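> heads up, no residue letters with this:
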């Protein structure tokens, strides 16, 4: 899947180290929290409540 | 691929060779005979339009921008000996082939080492693409673009060419581009080590004075003034280009005709054995030759931001290895020369193949935009499930060919999974509001269109908020081959609106489906109906187009609950050849029938006629049967005699055959 | 030694340090004392180093 | 082969000695040590430690 075949040995070496640590779960977690902060963003917390 | 784009054309359509285009706007369509009928408790009222013209306006303008991307190598052309059983370059047979050749003996060891990198640089698609554009620039060079011209107008809203295309000066297509020439150097056969990042091509005999000027301009930056479709922005392909021609390269002439570009292409494909490269370039240009004029005012959202064209980097290492190309090439499919042979015979047929492809795509993107994200085959994931290959990235031709496969309902097969050309699905995948500019004509505009202002004086520049993208084209060539209920492109159709005499003309359509068919058939009958939504309080008019003459449900410009009040004592007769609804009572039954079809084209409000010879379906067998024949009549001048015959007069002579 | 295509800018630095004396300060197991393997190393690469 | 013709006789004479010099174990050993030095480079050694 390339015409420039000089970079294949270098590309393979870096790919082998990175593929065994791929995880986007933490990014989606924060993106979901930002959705609900904006939607339900009129809830009041009073300190001297029960 | 000439074959698959040919099948898209209708059965009644019989095309000829020459098409004398003399403008930047064409109304392609057909003439049909519509037998309309209105049945009621009182009686039946019959009408008949003998020549009904259903058209789709297509222009030669459209903002595009080229970017140089990395794409797969096309291995068709190289000799079949060096390839192994599986079909990849077995290095070891390459070293064997170079050794037993007419190469300099001191270069064999150093050239063989480079082979591992350079032999996998085979993609001439970018060069053929630019050379095809130069052919059509010089042919249709007299077409004009005016700055303060009408891009769209429907009576209420108007959209000028100044609005969509700023930085735009008025000029002819010939006077648009001023291409500078790249250096065409001669390759020295006795060069020590090959220079990578500089492509070297093959040539038959001597490079002519005009061939230098064409190749020089093809490998250069396109910097246009007027926004033309065949003269869009492209980056510099290369700085220098080597040509392995033992006969010296003549210097640049300066001038050339469109016939000289055909001469340049036919020599380049034959020498390099690059037919699959040409097939890729033919399909690329088929997408980005003509762009559709939008059907409605709010269907201009597709052409606001410039769609990127993916041109694969120019890379060729045939000049350095002349031995590896010969008369016995490796090819996957047997019908691999069919696309070039079709273009050389009928160049002007590309116009018909282009409109067939964009009409197929923009129709399917119409009914793809109306599916919810929560589904299996949706907006984002319709390309992945359809594709059964291994392309680098799902872009360019893959997205356009998969939309054609959905329209026709057939299996499209290409020899190489190449991913180059225009990407259309840009505004769709974003999934945000688009702000199209508009200049107002009347003062009662913002009731109909979802405008930003509620009161606007005439001649003011306003903005319309488009959320869901309406269909840009109506199906005309693909009419009643794969019918859907959205477009309702049937030959026979009927609708039953149920009213009682207690109701004083006023009917409420609870159903959305039959409301669409009622409003559409009433427009065929030449009646101006104006419905009003009860929930929201907006208004819709069936007369929202001057081309097709149909009403799609996306003309409401709002998704909500369906409660359309239509008052049937405010119906106005607008067009000629029309049936009258004077005063209805009881149940109404509307119906029509389309019987025959005749191909028609319009340009500058005049008929555009097809001229020249009768175009045939060129097959691989039709030429190679004459190769099987060889003209085997032994080339021997056999002169047969004529015996003179005497009759009554004797003054005059008469010769007989035996 | 032999090589595929061009010897990269970083490959020169690695081969240069691999064929050299290890003179450590701290007694580490993967950085123990080793003599100079060779002074010069040829590389048959038609594409220049 | 693709060798220079004037070198064939002189190179063939040397073959008897040079072709039996094949041991790259020392080079691979040092290159493997450079891999782990740069990977686990942040480990520390204190002089007055237990």
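Perfect, thanks for sending it. Numbers count the residues shown, from 1 in each chain, chains lettered A, B, ... in the order given.

> stretch A:30-41 near chain B anywhere?
No. Counting by C-beta under 8 Å from any C-beta of the partner chain, chain B is not contacted by stretch A:30-41; separation bottoms out at 15.0 Å. Where C-beta positions appear, they are placed from N, C-alpha and C, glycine not excepted.

> now do the helices in chain A.
A:8-18, A:25-39 (DSSP state H).

> show me the one of those helices that comes nearest chain C.
helix A:8-18 (7.4 Å; C-beta to the nearest C-beta).

> separation between residue A:29 and residue B:455?
Distance, residue A:29 to residue B:455, using C-beta to C-beta, to the nearest Å: 47 Å.

> can you check residue A:4 too?
Separation of residue A:4 from residue B:455 (C-beta to C-beta) stands at 60 Å.

> residue A:28 too?
With C-beta to C-beta as the criterion, residue A:28 and residue B:455 are 45 Å apart.

> looking at residue A:4 and residue B:455, which one has more neighbours?
The neighbour comparison of residue A:4 against residue B:455 (other C-beta atoms under 10 Å in any protein chain shown) goes to residue A:4, with 14 against 9.

> wait, doesn't the more buried one sit right on residue B:72?
No. Residue A:4 is beyond contact range of residue B:72, at 11.7 Å (criterion: C-beta atoms under 8 Å).

> can you redo the helices of chain A as TSV with distance to chain D?
Converted to TSV, those look like this (distance: least, C-beta to the nearest C-beta, whole Å):
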stretch	distance to chain D
helix A:8-18	10
helix A:25-39	24
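
> for whatever residue of chain A ends up closest to chain B, which non-adjacent residue is closest in space?
Nearest to chain B, among the residues of chain A, is residue A:1, at 4.6 Å (C-beta to the nearest C-beta). In this structure, residue A:1 finds its nearest non-sequential neighbour in residue B:392, 4.6 Å apart by C-beta to C-beta, 6 or more residues apart in numbering or on different chains.

> pull the contacting residues for the one you found.
Contact analysis of residue B:392 by C-beta atoms under 8 Å, 6 or more residues apart in numbering or on different chains lists A:1-2, B:70-72, B:419.

> and with 10 Å instead?
With contact taken as C-beta atoms under 10 Å, 6 or more residues apart in numbering or on different chains, residue B:392 is in contact with A:1-2, B:69-72, B:312, B:398, B:417-420.

> hmm, back to that, any shared contact partners between residue A:4 and residue B:72?
Among the neighbours of residue A:4, those also in contact with residue B:72 (C-beta under 10 Å, 6+ apart) are residue B:120.
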